[PDB]
Amino acid sequence: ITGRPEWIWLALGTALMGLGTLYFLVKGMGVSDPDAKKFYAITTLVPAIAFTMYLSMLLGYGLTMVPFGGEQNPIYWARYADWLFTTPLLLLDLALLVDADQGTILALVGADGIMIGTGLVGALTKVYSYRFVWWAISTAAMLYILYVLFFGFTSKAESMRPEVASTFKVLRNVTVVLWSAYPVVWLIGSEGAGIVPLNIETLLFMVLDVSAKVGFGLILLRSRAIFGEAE
Amino acid sequence: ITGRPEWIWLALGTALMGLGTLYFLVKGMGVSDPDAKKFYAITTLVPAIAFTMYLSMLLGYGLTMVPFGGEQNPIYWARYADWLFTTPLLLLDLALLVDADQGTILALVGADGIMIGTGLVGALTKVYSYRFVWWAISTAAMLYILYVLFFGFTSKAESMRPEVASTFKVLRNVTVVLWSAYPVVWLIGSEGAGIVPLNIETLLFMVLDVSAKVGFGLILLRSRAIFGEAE
Amino acid sequence: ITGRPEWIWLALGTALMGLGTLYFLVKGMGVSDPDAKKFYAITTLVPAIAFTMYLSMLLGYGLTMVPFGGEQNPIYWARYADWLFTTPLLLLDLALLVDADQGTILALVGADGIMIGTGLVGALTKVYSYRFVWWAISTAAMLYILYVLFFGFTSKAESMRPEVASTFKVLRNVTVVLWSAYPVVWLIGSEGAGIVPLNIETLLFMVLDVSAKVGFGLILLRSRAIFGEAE
Ligand SMILES: CC(C)CCC[C@@H](C)CCC[C@@H](C)CCC[C@@H](C)CCOC[C@@H](CO)OCC[C@H](C)CCC[C@H](C)CCC[C@H](C)CCCC(C)C
Ligand SMILES: CC(C)CCC[C@@H](C)CCC[C@@H](C)CCC[C@@H](C)CCOC[C@@H](CO)OCC[C@H](C)CCC[C@H](C)CCC[C@H](C)CCCC(C)C
Ligand SMILES: CC(C)CCC[C@@H](C)CCC[C@@H](C)CCC[C@@H](C)CCOC[C@@H](CO)OCC[C@H](C)CCC[C@H](C)CCC[C@H](C)CCCC(C)C
Ligand SMILES: *C/C=C(C)/C=C/C=C(C)/C=C/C1=C(C)CCCC1(C)C
Ligand SMILES: *C/C=C(C)/C=C/C=C(C)/C=C/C1=C(C)CCCC1(C)C
Ligand SMILES: *C/C=C(C)/C=C/C=C(C)/C=C/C1=C(C)CCCC1(C)C
Ligand SMILES: CCCCCCCCCCCCCCC
Ligand SMILES: CCCCCCCCCCCCCCC
Ligand SMILES: CCCCCCCCCCCCCCC
Ligand SMILES: CCCCCCCCCCCCCC
Ligand SMILES: CCCCCCCCCCCCCC
Ligand SMILES: CCCCCCCCCCCCCC
Ligand SMILES: CCCCCCCCCCCCC
Ligand SMILES: CCCCCCCCCCCCC
Ligand SMILES: CCCCCCCCCCCCC
Ligand SMILES: CCCCCCCCCCC
Ligand SMILES: CCCCCCCCCCC
Ligand SMILES: CCCCCCCCCCC
Ligand SMILES: CCCCCCCCCCC
Ligand SMILES: CCCCCCCCCC
Ligand SMILES: CCCCCCCCCC
Ligand SMILES: CCCCCCCCCC
Ligand SMILES: CCCCCCCCC
Ligand SMILES: CCCCCCCCC
Ligand SMILES: CCCCCCCCC
Ligand SMILES: CCCCCCCC
Ligand SMILES: CCCCCCCC
Ligand SMILES: CCCCCCCC
Ligand SMILES: CCCCCCCC
Ligand SMILES: CCCCCCCC
Ligand SMILES: CCCCCCCC
Ligand SMILES: CCCCCCCC
Ligand SMILES: CCCCCCCC
Ligand SMILES: CCCCCCCC
C-alpha cells in the first residue's frame, strides 16, 4: 500500500468519509419527520459509497494501468464508480429541496450519467488525442447541469419557503464552484496532459470530494429546510 | 478509423443522433408544462445516449474481439450499453402516454432489462451453439413486452384522451415493427449465423436505431398528447 | 458442463427458478387490482433474473478464476449480478407491504447495494487477508438492513391491516433467517476460508436462493395482503 506516494491522501480520504458517514448516521437517529428522513438517507449514503471506493483505491483494487503516450499510466477507475452513484444523489438533494418537477430531475440525472460515463470512457481510452474528445463531451454535460441549477432551480427556490431558498442558494453556490474544479484537475492531471503529478492530483480530488460530500452534507443537515413546516 | 468498412455507417449514425439530440434540446426550450417536460426529458436523453455510444464505436472503444467458430469475431458491445438505457426510456415514453400503473411499468422495464442483458451475454458467449440459447431467452422477453404493449396498453389508451389514444397507437405500431427487426438482424448477422456481413449489419442497425429513436421522437414531440389538457 | 461436480446443483437451481417464474407468471394473469399487480411484477421478476444467472453459471459464462492463496480459485461472479437486482426487489416487496416512507426505502436499497457491491469486490480481491475486510463491511451493511426490518418496519406493520401485519411478520422472519446464512456460507466456502468445498457450497446457496425467492414468493402471493381493501 505504502509503495504508492499518493497512499497518504487515499488513507486520509477513507478516514474522513468513514467519519462523515458515522456522524450523519448518528445524527439522523433522532429523526421521524418523513421529509427529513429523505434528506438524511440521501446524504448519509453519499459518503458511505465514497468510503468504500476510497478504500478500494487504498488497497489497490480500484486502480488499473492504461497504455497511452507510450507509457503504462496508473488510472484510478474507482472514482467513476463512486461518482456514478454519488453525483446523482447530490443532485437529488438539491432537486428535492426546491420540489423540482419530475422531468427536470430526469434531465439532471441523465445528463449527470452522461457526464460520468463519458469521463470514464475518456479515462480508459488508449488513443491519447481521443481522451480529450470525451473530456469535452463530459464537460458539455456538466455545463448543462450547471445551467439548470441556475436558470431552472434558483427561480424555483424563490417561490418556496425562505429557509429552503436560502439553504438552496448556499448549496447551489458550493456545488457550482466545487464541481467545476473536477474537469480542470482531470485535464492537467495524470488522466489528461500530465502536468500535475498523480500524488498532487490525488490530494486535490480528496479535498474536493470531502468538501463536496461531507462539507455539503454538514450545511444541508443543519438546516431547518429539510423539515416539513410543522407546528 | 477508416480501416473498418463499416465506419461510414457508424459516422452517419453518430451525426444523425447528434443532430437529433440538438433538435430536441432546442425544441424543448420553450416548454413550461410539467407533463410535456417529462416527455422532452425522456425523449432528448435517448439520442444523446445513443450519440455517445455510436461515437465510442466509431473511435473503436466500443468494439471487442470474441473467439467463436475458430475465429476472432468483431463484436460491438457498446450497442448493449446504449440499449440498456435507451430501450427502457422508450418504453417509459409509451407507458406515461397511457398513464400505465406502476406494476405494469416495472414489468416492462424488468423484462426489457432481461432482454438486453441476455442479448449481451449471447453476444459475448464463446460456445457457438449457446449463443442461440441466449438469443431465444432474449426473444421471449421481447415477446412479453410486445404482448403487454398490445393487450395491456392499447385498451388502456382507448379510455384516455383521443389525442393520446391516436398518438399511442401510431407509436405502438412503429415500436412493434422496428423492434421486431433487431433479433432478426442479430441472428443473421455477425453475432449469429454470419450470413450478412458486418458492414451491412451495421447499416441495418443504424437505420433501425435512427428510426426507433429520432423517428419515434419526431412523432411524439409534435403531438399535443404530451401536454396536459389546459385552457 | 458436467466437468464440474457442482453442475448438478446449478442445473437444479436453474430448473426450480424457471418453474417458479412460470408459476408466478401464470398465477398473475388473472389480476387487475393495481396494488396486487405491483407485488406480482416485483415477485415474478426475482426468479426470472435468478433463472438467467443460474443458467449462465451452468453454461460456464458466469465463472471466473481468481488468484489467491497461490491457487486459481473458481469464483462464480454471476451470483452478485443476480443479487444486485433481486435483493433490492425482495426488500421492495417488504417495504411496499408496510407502506414504508421513501427515505426508508432509499436507505434500504442503498445499504443493500453497498452490501452486494462490497461482497463482489471481496470475491474478486487477490490479496487474501483483504477479502475478509470487504466481507466485514458487507456484513455491517447487512446488519443495518436487518435492524431496519425489525426496528423501523415491524412497528409500522402493526398500525396497518391485520392481514398485512401478519404476512409482513412471517416474511420478515423468513428473510432475516435466510439472509443471515449467506455471509456464513461465503466465509467458510471457496470465497473465504475454503473449509467447505465448492460443490457443497453451491448446494447450500441453491437451497437458500430457492427458499428466499420462490419460497418467499409463494407465501406473499397467496396472501390477501397484496390486494387493496375492496368490497
Ligand atoms: C439514464 C442515465 C443512466 C444514462 C447513462 C449515460 C451513459 C449511457 C453514458 C455512457 C455509459 C457507458 C460509457 C458505460 C461504459 C462502461 C464501460 C466503460 C465498462 C468498462 O468496459 C470498457 C472496456 C474496457 O475499457 O471493456 C472491454 C470490453 C468488454 C467485453 C465490455 C463488455 C461489457 C460492457 C461494459 C457491458 C455494458 C454494460 C453497461 C455499460 C453498464 C453501465 C456501467 C456504468 C459505467 C454506466
Ligand atoms: C430490473 C432489471 C434491471 C433486471 C436486470 C436483468 C438482468 C439480470 C439480466 C442479466 C444482466 C447480466 C447478464 C449482466 C452481465 C454483465 C456482464 C456481461 C458484464 C461483462 O462481464 C462478462 C465477463 C466477460 O464476458 O466478465 C469477465 C468476468 C469478470 C470478472 C466479471 C465480474 C464483474 C461482473 C460483471 C459484475 C456484475 C455487475 C452487474 C452485472 C452489473 C449489470 C451490468 C448491466 C449489463 C446489467
Ligand atoms: C445506490 C446504490 C446503488 C449504491 C451502490 C453501492 C456501490 C457503490 C457499492 C460498490 C459498487 C462497486 C464496488 C462496483 C464495482 C464493480 C466492479 C467489481 C466491476 C468489475 O471490475 C473490477 C476489476 C476487476 O476485478 O475491473 C478491472 C478494471 C476495469 C478497467 C474496470 C473499469 C470499469 C469499471 C467497473 C466501471 C465502474 C462502473 C460501475 C462500478 C458500475 C456498477 C456495477 C455494479 C456492480 C454496482
Ligand atoms: C463527490 C464527487 C463529486 C461531486 C464529483 C464530481 C465530478 C465531476 C463534476 C466530474 C466532471 C468531469 C468532467 C466534467 C469532464 C472530465 C472528467 C470528469 C469526470 C472529471
Ligand atoms: C434504440 C435501440 C433500440 C430500440 C433497440 C432495440 C433492440 C432490441 C429490441 C433487441 C432485441 C434482441 C433480441 C430480442 C434477441 C437478440 C438480441 C437482441 C438484443 C438484438
Ligand atoms: C436471492 C438471493 C438472496 C436473497 C441473497 C442474499 C445475499 C446476501 C444477504 C449476501 C450477503 C453477503 C454478506 C453479508 C457478506 C459476504 C458476502 C455476501 C455478499 C454473501
Ligand atoms: C482548480 C485547481 C487546479 C490548480 C492546481 C494547482 C496545483 C499546484 C501544485 C503545483 C504543481 C506541481 C508541479 C510540480 C510537480
Ligand atoms: C429485417 C431485415 C433482415 C433482412 C436483411 C436483408 C439484407 C439483404 C442484403 C444482402 C445480403 C448480403 C449477402 C451478400 C454479402
Ligand atoms: C449456515 C450453514 C453453514 C453450515 C454448513 C454445514 C455444511 C456441512 C457439510 C459438511 C462439510 C464438508 C466438509 C468435508 C468435505
Ligand atoms: C447510472 C446510475 C443512475 C442511478 C443513480 C441513483 C440515483 C437515482 C436517483 C433517482 C432520482 C429519481 C428520478 C425520478
Ligand atoms: C438496468 C438499467 C435499468 C434502468 C434504466 C433507466 C430507466 C428506468 C425508468 C424507470 C421507470 C420508473 C419505474 C417506476
Ligand atoms: C444497483 C441497482 C439498484 C437498483 C435495483 C433495482 C431495484 C430498485 C427499486 C427502487 C425502489 C424505489 C425507490 C424509491
Ligand atoms: C453556462 C451555465 C452558467 C453557469 C455555469 C458556469 C460555468 C463554469 C465553467 C466551469 C469550468 C469547466 C471547465
Ligand atoms: C405475441 C404478442 C403479439 C404481438 C407481438 C408480435 C410478435 C412479432 C414477432 C417478432 C419476431 C421476432 C423474431
Ligand atoms: C442487529 C439487528 C438485530 C437483528 C439482526 C440479527 C443479526 C443476525 C446476525 C446474522 C449473522 C451474520 C454473520
Ligand atoms: C493530443 C491533443 C490533441 C488535441 C485534442 C483536443 C480536442 C478537444 C476537443 C474540444 C472540442
Ligand atoms: C450451432 C447451432 C445449434 C442450434 C442451437 C439452436 C438453439 C435455439 C434454441 C431455441 C429453443
Ligand atoms: C488471513 C486472514 C487475516 C485476518 C483478517 C480478518 C479481518 C476481519 C476484519 C473484521 C473487523
Ligand atoms: C454500521 C452498522 C449499523 C448497525 C446499527 C444501527 C445504527 C443505528 C441506525 C439507526 C437508523
Ligand atoms: C473510523 C476510522 C476509519 C478509518 C479507516 C480507514 C483509515 C485507513 C487507515 C490506514
Ligand atoms: C453536429 C454534427 C455532429 C457530427 C459529429 C460526428 C460525425 C463524425 C464525423 C467524422
Ligand atoms: C421448464 C424447465 C426448465 C429447465 C431448463 C434448465 C434445466 C437444465 C437442464 C440441463
Ligand atoms: C465548502 C466548504 C464547506 C464547509 C463545511 C462547514 C460546515 C459547518 C456547518
Ligand atoms: C418510422 C419512421 C418515422 C418517420 C419520422 C417522420 C417524422 C415526421 C413527423
Ligand atoms: C422458507 C420456506 C418457505 C416455504 C414455502 C412454502 C410455501 C407454501 C405456501
Ligand atoms: C462520530 C460519532 C458522532 C457522535 C455524536 C455526535 C452528536 C450527534
Ligand atoms: C452566499 C453563499 C456563498 C457560498 C460560497 C461558498 C464558496 C465555496
Ligand atoms: C461560479 C464560479 C465558478 C468558479 C470555478 C472555479 C474552478 C476552480
Ligand atoms: C439543430 C438546431 C435546430 C434549430 C431550431 C429548429 C426549430 C426549433
Ligand atoms: C396507423 C399507424 C401506422 C403506423 C405504421 C408505421 C410502420 C413503420
Ligand atoms: C406487427 C408486424 C411486425 C413486423 C415484423 C417485421 C420484422 C422485420
Ligand atoms: C407451471 C404452470 C402452472 C400451471 C397453473 C397453476 C395454477 C395457476
Ligand atoms: C411466525 C413466523 C415464523 C416463520 C419462521 C420461518 C423460519 C424459516
Ligand atoms: C433471527 C435468527 C437468525 C438465525 C441465523 C441463522 C444463520 C444460519
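In each ligand, atom 1 is the first atom listed, and ligand 1 is the first ligand listed. Letters A, B, ... are given to chains in the order of the sequence lines, protein chains preceding strands, and every chain is numbered from 1.
- Between the side chains of B/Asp33 and B/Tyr40, not a single donor N or O lies within less than 3.5 Å of an accepting N or O.
- With a 4.0 Å heavy-atom cut-off, ligand 11 is reached by no atom of B/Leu106.
- The nearest heavy-atom contact from the protein to atom 11 (C) of ligand 9 is C/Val196 CG2, 4.3 Å.
- Scanning the protein for heavy atoms near atom 4 (C) of ligand 15, the closest one is C/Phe150 CD1, 4.0 Å.
- Of the protein's heavy atoms, C/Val185 CG2, 4.6 Å lies nearest to atom 2 (C) of ligand 9.
- Inside a 4.0 Å radius of atom 8 (C) of ligand 11 there is not any protein heavy atom.
- In this structure, atom 13 (C) of ligand 11 is in close contact with the protein, since a protein heavy atom lies within 4.0 Å of it.
- Note: C/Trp83 and C/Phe205 meet the aromatic proximity criterion, with ring centroids under 6.0 Å apart.
- Looking only at protein heavy atoms, the nearest one to atom 5 (C) of ligand 11 is B/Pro88 CG, 3.6 Å.
- Other residues, nucleotides and ligands contribute over 12 non-hydrogen atoms within 6.0 Å of the CD atom of C/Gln72.
- For atom 4 (C) of ligand 9, the closest non-hydrogen atom on the protein side is C/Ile188 CD1, 4.1 Å.
- For the atom pair CD of C/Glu191 and OG1 of C/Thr125, the computed distance is 12.5 Å after rounding to the nearest 0.5 Å.
- Within the structure, ligand 11 lacks B/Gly113 among the residues with a heavy atom less than 4.0 angstrom away.
- With 3.5 Å as the limit, one finds a donor-acceptor pair spanning the side chains of B/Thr43 and B/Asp93.
- Judged purely by distance below 3.5 Å, without hydrogens or angles, the side chains of B/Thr104 and B/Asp101 pair a donor atom with an acceptor atom.
- The protein heavy atom nearest to atom 10 (C) of ligand 15 is C/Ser180 OG, 3.4 Å.
- Taking a 4.0 Å cut-off on heavy atoms, C/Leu143 registers as neighbouring ligand 15.
- For atom 3 (C) of ligand 15, the closest non-hydrogen atom of the protein is C/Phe151 CE1, 4.4 Å.
- The nearest pair of heavy atoms linking C/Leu89 to C/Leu45 is CD1-CB, 4.2 Å.
- For the pair C/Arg131 and C/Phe68, the cation sits on the ring face: its NZ or CZ lies under 6.0 Å from the ring centre, inside 45° of the axis.
- Protein heavy atom in closest approach to atom 14 (C) of ligand 9: C/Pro197 CD, 4.6 Å.
- If you number the atoms of ligand 11 from 1 as listed, the ones under 4.0 Å from a heavy atom of B/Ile105 come out as 13 (C).
- In terms of protein heavy-atom proximity, atom 1 (C) of ligand 11 is closest to B/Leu84 CD1, 3.6 Å.
- The two atoms that bring C/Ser56 and C/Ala78 nearest to each other are OG-CB, 3.4 Å, heavy atoms only.
- There is no protein heavy atom less than 4.0 angstrom from atom 8 (C) of ligand 9.
- Annotation for B/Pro47 and B/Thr21: closest pair C-OG1, 3.1 Å, computed over non-hydrogen atoms.
- From the protein, the heavy atom lying nearest to atom 5 (C) of ligand 15 is C/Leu146 CB, 3.5 Å.
- Scanning the protein for heavy atoms near atom 12 (C) of ligand 15, the closest one is C/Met142 CE, 3.6 Å.
- For atom 6 (C) of ligand 9, the nearest protein heavy atom (residue, atom name, distance) is C/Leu204 CD1, 4.9 Å.
- Aromatic rings of C/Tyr128 and C/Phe132 (six-membered ring for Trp) have centroids within the 6.0 Å cut-off, being under it.
- With 3.5 Å as the limit, one finds no donor-acceptor pair spanning the side chains of C/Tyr54 and C/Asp82.
- Counting protein heavy atoms under 4.0 angstrom from atom 3 (C) of ligand 11 gives zero.
- If you run side-chain contact (heavy atoms from CB on, under 4.5 Å) between B/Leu94 and each of B/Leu220, B/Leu149, B/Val148, only B/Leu149 comes through.
- B/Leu92 CD1, 3.7 Å is the protein heavy atom nearest to atom 11 (C) of ligand 11.
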